[PDB]
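Student: Return a 3D structure for these sequence lines:
(chains A, B, C, D, E, F, G and H)
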Amino acid sequence: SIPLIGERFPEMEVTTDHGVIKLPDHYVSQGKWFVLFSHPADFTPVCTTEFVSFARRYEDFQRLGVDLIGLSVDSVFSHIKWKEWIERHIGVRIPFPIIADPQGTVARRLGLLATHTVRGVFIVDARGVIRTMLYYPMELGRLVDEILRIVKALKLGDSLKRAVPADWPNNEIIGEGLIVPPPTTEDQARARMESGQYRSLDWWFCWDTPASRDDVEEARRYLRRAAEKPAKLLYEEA
Amino acid sequence: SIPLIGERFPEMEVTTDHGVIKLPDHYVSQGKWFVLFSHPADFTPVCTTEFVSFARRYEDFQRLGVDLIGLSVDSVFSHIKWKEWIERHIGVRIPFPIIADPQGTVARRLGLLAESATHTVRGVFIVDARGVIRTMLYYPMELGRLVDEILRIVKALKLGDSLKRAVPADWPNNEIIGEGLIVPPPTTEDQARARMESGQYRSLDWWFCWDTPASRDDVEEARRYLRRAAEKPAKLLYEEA
Amino acid sequence: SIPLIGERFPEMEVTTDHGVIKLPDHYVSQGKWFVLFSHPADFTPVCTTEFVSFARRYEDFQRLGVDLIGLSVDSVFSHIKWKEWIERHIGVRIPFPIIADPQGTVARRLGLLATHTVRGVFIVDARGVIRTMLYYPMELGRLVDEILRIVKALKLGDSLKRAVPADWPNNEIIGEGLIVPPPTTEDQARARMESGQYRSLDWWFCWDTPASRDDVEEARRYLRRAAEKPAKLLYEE
Amino acid sequence: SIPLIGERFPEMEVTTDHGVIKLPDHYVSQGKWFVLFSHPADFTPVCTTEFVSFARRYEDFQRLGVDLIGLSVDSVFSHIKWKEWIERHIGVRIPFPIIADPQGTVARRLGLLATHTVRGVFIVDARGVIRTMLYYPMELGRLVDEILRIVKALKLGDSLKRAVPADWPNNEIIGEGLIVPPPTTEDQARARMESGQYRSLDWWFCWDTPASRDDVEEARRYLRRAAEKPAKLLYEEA
Amino acid sequence: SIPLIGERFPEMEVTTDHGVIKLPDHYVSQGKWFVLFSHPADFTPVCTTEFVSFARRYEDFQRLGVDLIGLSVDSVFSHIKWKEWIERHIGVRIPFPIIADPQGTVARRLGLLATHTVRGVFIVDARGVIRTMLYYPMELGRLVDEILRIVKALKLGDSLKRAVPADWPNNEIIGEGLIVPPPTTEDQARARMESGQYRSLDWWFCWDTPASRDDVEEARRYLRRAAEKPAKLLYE
Amino acid sequence: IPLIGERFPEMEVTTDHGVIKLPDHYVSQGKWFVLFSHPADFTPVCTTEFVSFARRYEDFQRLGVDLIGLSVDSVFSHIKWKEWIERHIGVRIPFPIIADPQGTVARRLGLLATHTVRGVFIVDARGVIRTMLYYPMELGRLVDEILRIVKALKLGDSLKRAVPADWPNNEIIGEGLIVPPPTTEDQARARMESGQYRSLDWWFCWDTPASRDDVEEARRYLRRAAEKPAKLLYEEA
Amino acid sequence: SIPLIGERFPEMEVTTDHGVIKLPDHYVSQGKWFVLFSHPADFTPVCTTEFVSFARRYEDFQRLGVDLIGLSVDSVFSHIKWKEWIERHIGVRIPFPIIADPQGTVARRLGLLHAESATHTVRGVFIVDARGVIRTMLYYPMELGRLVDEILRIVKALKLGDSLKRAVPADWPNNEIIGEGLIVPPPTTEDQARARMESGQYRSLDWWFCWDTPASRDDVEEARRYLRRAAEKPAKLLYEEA
Amino acid sequence: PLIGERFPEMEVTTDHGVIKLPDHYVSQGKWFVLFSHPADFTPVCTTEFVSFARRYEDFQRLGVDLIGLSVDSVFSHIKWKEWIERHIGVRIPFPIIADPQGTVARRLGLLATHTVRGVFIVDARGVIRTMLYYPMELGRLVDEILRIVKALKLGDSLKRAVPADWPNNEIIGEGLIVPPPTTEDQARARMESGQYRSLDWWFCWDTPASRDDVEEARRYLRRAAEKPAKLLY
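Tutor: Numbering: from 1, shown residues only, chains lettered A, B, ... in the order given. Let me share the structure:
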């Protein structure tokens, strides 16, 4: 039984390889967002490639006030030995904590559970509310740059009181334009149309460009990198 | 109470603006994959952009064997008037069917609805030709989806099934192995020992083995999706009207 | 389960194209009756004719202190877009609010639930009590002039303390007259017959003519309008 | 817990002052529509006026293939005495049967239960399916001519495969016209518009005039009778 | 699931052709006994004969401090019309109230429920306690004089602290005698036989004649009226 | 408790005459039976009634009715109690008495305290309960009235007639018997058109089909009930 | 569902031919033991003999502070008439009260009735001490009359055991092993048994088998007088005397 | 259980082996007396064992087999018998059921352990005919148990009820009661015939038991009253 967007993140005590912490409070108290990502088992390739990819984009998340937290169905001693392997054989240190979940208690609480079903991403805001859930299969690696676009676009929508269009900031229709939430009454719709402060197709489709050039380009930067062909792969220099 | 990944898509009969069809049978019959995407309501701005995003990428989906089908909490008549408006004002036809879901029965069945919600009624179901749910994505109503990622998912997943491979993070642009694909790790020691003795794959450990079996067409197909996503489109559709 | 006559209208909060309102609280506070009519779907021809019909008789309802309120199992956005189509293509403005009922919560609470079942007129008094329920099928459009006759007669019945006869004010027996509520005791029955106060056919059948000439002809007006062939239609112009 | 519109009339045996009949079988056997109308009690003024009104319109219902049947929460002997009073005083005979339902069994099975609640009209087709339900309060006499209009419109709708506009045959928009049931697919809507066989406002609003001069004039005749003041009232002639 | 003998009459608010009253309160308030008699339907021959019989014995009941109340599964308007027919065609006015029981609420609460089953007499004292219940079939009219005997016997029994023999005051063993309630201990039984203050047959069978002449004669009058063919019939 | 119209509950009972099945034992003889119940043996009011029943045993035989008692005591108590009556009162008690220790038969019949164990069940030859009477313990039954009930019922069954109040001394119609009212409109017409019965109304029709014997036999019972007894039984001993 | 030994006698009000009493309150507050004996019906032969046997042993029971009380599934009126017949025909007055149990309410609670249509199972004997505690229960069938002198032996030996803080051997006071001796309650600990053998205050067969003879010459002979009466053919029968 | 009920079908482990109840004895056409004990190596329970064993042949004469029940191991049971035979010099012939867990006791409604007492007297049909519940502080009177089975056998065979204190009843002595008439005609015919002495129609008796049978019953009660010559200690 998975949680829903809008619901607060289930209050729980968890043991990580950094220590015991209480969720979502550990991050709410700090005024930080956090992204939780689950993993079927330790010493597995796809999950490892995700750790690395997350760690390579660690400062981007810190820059966005987002903390990272992993989830795996293995002991805390396996978790440490696993991070120790990646830093030694791949050359990348994994900074963020990983929740040690024997018995699969935490995964059962989140509705992720087989053990193969234990995947998915929880994007939680600074209020402690679940904002986005992704559920990739264990045979497919996630795109961490899209997760970055999600937290970015979501924070801009919050602070500017705007909805975010498809493929933003590269929308086919309005590009980098941000959608003004539609009117829910007759009077509001009639008022919106008369004011002439918003570009519009119809009363329920109004947009503008309130976002700074910095924030638009920061958002397109993630997609630029994701599409980009990497120079020198990590398996070579290791 | 959602269906988990790996679980078969719930047997149901839905009403669309194209007729009445049974899921997942309708697409399984054709040996097609299908992506189902849900929406809170008709005549909503974010959902419209997503429709146009999907419709502009409709040809890409069909070349992979993926059909498209929408889900919205509104009458079938409302769906058609909505599809009429988009074609007239945006100049883009919506070729795929949309499930008419008044009462929210099929949304409630899939686990997308308590009352007063509909806001929660979103999410993407990527379902393979065997009728099995492969990927679920839950974007909020205030956030337009990245449609090129869905195309990346199906292509990688179809290559995964075909070539018997696990797909690395950021593929085809993985930081460790690039366009390389992961060999499913050994579950026994006698398979781990043999794998290391075989020396057929590039290895990092017994559990971390890969090769490059994907064609240059398959790989460049995947980069084109991500490239399109990253590129600011020359000439917008609002101005064309 | 449908909330029967006599029962107070179910306490509920509803979302409309005018805003968020509590029922029956919103209209009770104004000392107003309200007529809640439900519909299965937006952009449907039968419902459209009724919407137009109600709006063309809007002042007739206001004159009686009766507000109108629609119900449809669709989003608020469809509702407003549907009203815009009526105002453009038929050229008739729709003034009353319509409840947006996605998922069909209100309809289920009113027991109108298939979606095909979602049709019913609820006539509620200023005290917030259901007085009449009319259940029409989807393939049939309601005679809106009868709804007008119902409230007018029912308001008269309250103020004048009378029962209203069949086909009023065109009753085959007593015509424009209004019935005195029958005696329920032996003492009441005798005192009625010894008063010589009312016209009578029996102790349980007494009536008089207390309604003003305006009240009577106002009621016949509704029935005549429903009977008269309209001089040139609205689809033409 | 009422029987919904479009449902089959509840299977039951009832006692009338005509005898015992199986509902709705008795009328279905004949291929006849029937209107069941309930009443709180015998020897009640409003119900008496209602009986007289149904009585003066008896042959109209027969021509439409409709039988009438009343329901009152009193005994059968009370029913016969009630009918007898009406003939002796008002002059009009009551031909239709009345269900004697003490204990309120039939009234309860139909979800009409105080006893003041026992009001309601059931318009049921030749297939024993409920088509309309009207709930007037005990202090308000029904407009019987409206019931005649309902059946007529309903009968023309079924045969011609058309839906009936509001206020028909005097609809403000389309007049004596009838609605062509709306398309449910994209292809149905396109094919309807390219054919151009109906007068139209939109793909979902098509209509024609398939009703005969006589059918229309019969419906307006019901509405005119209801509208017109009766010359000669029944009370005057002792 | 009828009420039992000795059990208090079920509390209820009922609707009559005389108004709204609460049972048994309405009579307990007046310090009166009441006889409740149920009927299947209005405008029925046997019930009509019963109504008239109670009405002709109305003075006899009131003098005993007993009110009469009817029960019929029909509306209040039928009841009034029914009473009207009786005063007109039989020339006897029916004075007592009739409970209007549509839905058969009261009938069900008293366990009389088919509707044909709705029959039964309840004799209830001033304390509101049920003392006697007769259940006659609907095809058989009641012997109203026997209800009067029953009551008269109970009122004397309560006040004289005595039990009443079969066929009183015309018992084949003890005549118009009345039974002294039997001993329940051996000390009581010994003291009864030692006292010799009662005409006796055994220690458990003692009687005397504590009822007055006028009480006994009033009791034979009821049975005398029941026994005799009435001079002058009412239908004539 | 069992009701009027319902069949007497199937049961095996122990009496001082033996073990019998009820109501089978009496149905198998094509006989009516009157079951009367008593709180306890060696009790006064019950003894007077036993005597009263025994002194009328010929009148019950003459109607094809059998008597059967019920008391919450053992069979041995029963037989000793019958001995006492026979010795001290000089009257034989011929009818069986059910031995009901534990009160199982009383409980099933709803007679249950043990003081509430009183009731007369008149059951016809079909095993159907036709009448119930419940007197208190401080009151002796009027046994002649039971005799009137069975006679009238047997008369009513054979002649297809209803029996009026106080019969055969009814104040309206005397010894006349009531024709069951018509239930339909056509039955009501054909009744008043035939003129085969005396009537006050279509629902109130009667005739006099009871023979002079059946009438006077019924009047007998009431006369004996009203008669002051010449020579008392306690004096004879 | 029956009560067991050690359990307190169930609280209840009963109706007797002596009046209404509470059990065991009525006898507890007197310091009296009571023997409750139950019968299926009145005017039955086996039960009558038992009633006579108790009645002529009445003085023996009263000497031991023991009261008698009968229980029968019949009315209180059948009870008094049944007592009258005995006093008139056998010439023996029945002094103790009999409980009247129509409905079998009392017998059902005591577990003398479990299923249906029995009364036959109503044949129990309950021996209750002054603390209101069930001490002995006897269940003889209806076709077998009890041995009343055994009930006297039980209460006498039990009263001796309570006071002298001893256990009573088999066949006492004519036990094959220790005769009229009474058993010292066996040690329940290791050093209790050691101290018992170190004391030498008791005749012994083992640490758990120790006894003395604290019972009075009168108490032993009274107990033997109960058994002699049981054993001896009575001179002059009661049917003969009637 | 109750009187009239058949003995509960159970399989028990005793110190002579595993036997089926009540089948082992029913199939032998034998009565059995089952007496239960709280604990082994206990004085009162020991004195009963001796009293039962010295009367072993008397039960054999009546066609009665004996069986003990104790909440202890089978190995303890045998050591307990071994002690009696060595110290008291009386061999215990009857089997004792080993009931650790007190399972058999639980099924028999004897369950504290103090409550684990009671004699079940069971006929050759497997029907419980008598139940005796003595407290643990008081030893039984085995001769009465003998009198019970003896009276019941005569009661069955002669179709008679046994009076109180028989064969020493104060009213009828060694007389045996005829089961009372249940009907009035039976009660009527009983008094008319004159085949029985009587006090009433419900109180009839005769002396159909033989002198041997009467004297054999009195032997039991005489033995219980006799002061023993030479105590076993």
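Student: Please count neighbours and contacts with C-alpha atoms only from this point.
Tutor: Fine.
Student: that's a helix at residue A:222, yeah?
Tutor: Yes: assignment of residue A:222 by DSSP: H, G, I helix; E, B strand; the rest coil places it within a helix.
Student: who touches it in this structure?
Tutor: Residue A:222 makes contact with A:145-146, A:148-149, according to C-alpha atoms under 8 Å, 6 or more residues apart in numbering or on different chains.
Student: roughly how far apart are it and residue A:170?
Tutor: Applying C-alpha to C-alpha, to the nearest Å, the value for residue A:222 to residue A:170 is 12 Å.
Student: Start and end of stretch A:1-13, how far apart?
Tutor: Stretch A:1-13 has an end-to-end distance of 19 Å (C-alpha to C-alpha).
Student: buried stuff in that stretch?
Tutor: A:2-5, A:8-9 (16 or more other C-alpha atoms under 10 Å in any protein chain shown).
Student: so where do the helices sit in chain A?
Tutor: Applying DSSP state H to chain A gives helices spanning A:25-28, A:45-56, A:58-63, A:76-89, A:105-109, A:144-160, A:186-195, A:213-227.
Student: Whichever residue of chain A sits closest to chain H: how many residues sit nearby?
Tutor: Across chain A, the shortest distance to chain H (C-alpha to the nearest C-alpha) belongs to residue A:103, at 37.9 Å. Residues lying near residue A:103 (other C-alpha atoms under 10 Å in any protein chain shown) number 11.
Student: That one: what's its closest spatial neighbour, skipping adjacent residues?
Tutor: residue A:73 (7.7 Å; C-alpha to C-alpha, 6 or more residues apart in numbering or on different chains).
Student: how about that neighbour, what does it touch?
Tutor: Each residue near residue A:73 by C-alpha under 8 Å, 6+ apart is listed here: A:39-42, A:100-104, A:115, A:118.
Student: how far away is it from residue H:130?
Tutor: 68 Å.
Student: And for residue A:15?
Tutor: 69 Å.
Student: do residue A:77 as well
Tutor: 72 Å.
Student: Show me chain A divided up by domain.
Tutor: For chain A, the domain assignment from curated CATH domains gives the residue ranges A:1-139, A:140-238.
Student: I figured residue A:133 hits residue A:112, correct?
Tutor: No: between residue A:133 and residue A:112 there is no contact, the gap being 11.4 Å when judged by C-alpha atoms under 8 Å.
Student: which residues do the two both contact?
Tutor: residue A:120.
Student: Find the residue at the geometric middle of chain A.
Tutor: The C-alpha lying nearest the average C-alpha coordinate of chain A belongs to residue A:147 (C-alpha atoms, centre = their mean; 3.9 Å).
Student: how close does that residue get to chain B?
Tutor: 10 Å (C-alpha to the nearest C-alpha, to the nearest Å).
Student: Sort out which of the contacts of residue A:73 are in strands and list them.
Tutor: Of the positions in the contacts of residue A:73, A:39, A:100 sit in strands, assigned by DSSP state E.
Student: hang on, isn't residue A:182 packed against residue A:205?
Tutor: Yes: shown here, residue A:182 and residue A:205 form a contact pair, counting by C-alpha under 8 Å, at 6.6 Å.
Student: Contact residues of chain A facing chain C?
Tutor: Residues of chain A lying near chain C by C-alpha under 8 Å from any C-alpha of the partner chain: A:184-187, A:204.
Student: Not counting sequence-adjacent ones, nearest residue to residue A:229?
Tutor: With sequence-adjacent residues excluded and distances taken as C-alpha to C-alpha, 6+ apart, residue A:229 is closest to residue B:173, at 5.8 Å.
Student: closest point of chain A to chain F, which residue?
Tutor: Closest point on chain A to chain F, by C-alpha to the nearest C-alpha, is residue A:1, at 53.8 Å.
Student: mind listing what that residue touches?
Tutor: Here residue A:1 is in contact with A:109-111, B:1-2 (criterion: C-alpha under 8 Å, 6+ apart).
Student: Could you export the residues of chain A next to chain C as CSV, including neighbour count?
Tutor: Formatted as CSV, the residues of chain A next to chain C follow (neighbours: other C-alpha atoms under 10 Å in any protein chain shown):
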residue, neighbour count
A:184, 19
A:185, 19
A:186, 22
A:187, 12
A:204, 22
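Student: List just the nearest of those to chain C.
Tutor: residue A:185 (4.5 Å).
Student: Just read off the phi/psi values of the closest one.
Tutor: phi -130, psi 170 (degrees, to the nearest 10).
Student: contacting residues around it?
Tutor: Contacts of residue A:185 (C-alpha under 8 Å, 6+ apart): C:16-19, C:76, C:80.
Student: hmm, what's the outermost residue in chain A?
Tutor: residue A:194 (38.8 Å).
Student: Pull the number of nearby residues for whichever residue of chain A sits closest to chain D.
Tutor: Here the residue of chain A nearest chain D is residue A:202; by C-alpha to the nearest C-alpha that distance is 20.0 Å. For residue A:202, the count of nearby residues is 15 (other C-alpha under 10 Å).
Student: repeat for residue A:42
Tutor: 17.
Student: now swap in residue A:154 and tell me
Tutor: What residue A:154 shows, counting by other C-alpha under 10 Å, is a neighbour count of 20.
Student: give the contact list for it.
Tutor: Residue A:154 sits next to A:164, B:142-143 when contact means C-alpha under 8 Å, 6+ apart.
Student: and if we set it to 10 Å?
Tutor: A:125, A:131-132, A:148, A:162-164, B:140, B:142-143 (C-alpha atoms under 10 Å, 6 or more residues apart in numbering or on different chains).
Student: Can you name the two of those that sit furthest apart?
Tutor: Maximum pairwise distance in those, criterion C-alpha to C-alpha, is 18.3 Å, between A:148 and A:162.
Student: I'm done for today, thanks for sticking with me.
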